[PDB]
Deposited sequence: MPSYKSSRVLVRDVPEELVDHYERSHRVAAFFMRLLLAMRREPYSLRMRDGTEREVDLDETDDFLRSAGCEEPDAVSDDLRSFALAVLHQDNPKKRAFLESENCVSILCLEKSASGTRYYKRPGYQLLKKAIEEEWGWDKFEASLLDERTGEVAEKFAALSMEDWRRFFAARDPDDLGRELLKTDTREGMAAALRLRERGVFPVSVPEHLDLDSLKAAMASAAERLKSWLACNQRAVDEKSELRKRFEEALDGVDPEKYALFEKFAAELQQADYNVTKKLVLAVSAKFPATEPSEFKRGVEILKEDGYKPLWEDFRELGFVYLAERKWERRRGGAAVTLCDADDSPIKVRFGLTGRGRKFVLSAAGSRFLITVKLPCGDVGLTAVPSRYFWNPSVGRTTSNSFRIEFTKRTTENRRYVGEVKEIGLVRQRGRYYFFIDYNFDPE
């Protein structure tokens, strides 16, 4: 259940503008790098309209520029990674249930991501059993730690073991263009994965061109979440307006939204479940009351004007 609106902001500082204009280039690099790992020549649609054909040579050169010295040898593994990121694996046993989860092995030198099992079913039953007559070796002598290694050595989702294969070869940590923190990288990679997933669903529907992200031509949402998908934000009201401030690494960025007749007489309260409860009336004639929990807003620059897309959740 979703319901969206749009609030205009006219005094965005330099920090948010640079964050919006710097998230796009990381997204574009993610799109081109995933296509490079895919190692399948494709068609690129430029801004003015031109379906150029890009072959394996430029793909290999781009991969070399990304740190993959000899993509010919690791071709059995780069491709095996990309299909995992673009959700081309089995619907069950996804190596990355959310695509943005992948940018910790790809773009973090000291990460140690692959050796985790605390959320693996099997370590949940044994730990709930320490503190054979139940429905599901290691039950004797207890030690769920050992079951962790038993379930990490085997039961490895394809593309996650493949990702760990390259890190020993010193080629997988890829130098992205800008030094975005984990959260903004995850937001950008979520957007890029969404755009390439749509592209591939269209390419297999046809059987064909790729449009890269642009700050003005084909904008994407620089999304701000409350659980690590993007930089955090907090919403409130002051009179008849919206007070939206985000928590960028350069500090807090506060912003006052010009009044909206869609959101009139606003009352806002923070919730203990990572959300903000807001009330409003639709103005016009009937002032029917609505309750909305907001958890993740978006930012889009259209016609030179900055708009936050307030995507809230209403009562069903």
TODO: In sequence order, name the stretches of the deposited sequence that have no C-alpha in these coordinates.
DONE: 1-2, 134-138, 144-166, 238-334, 444
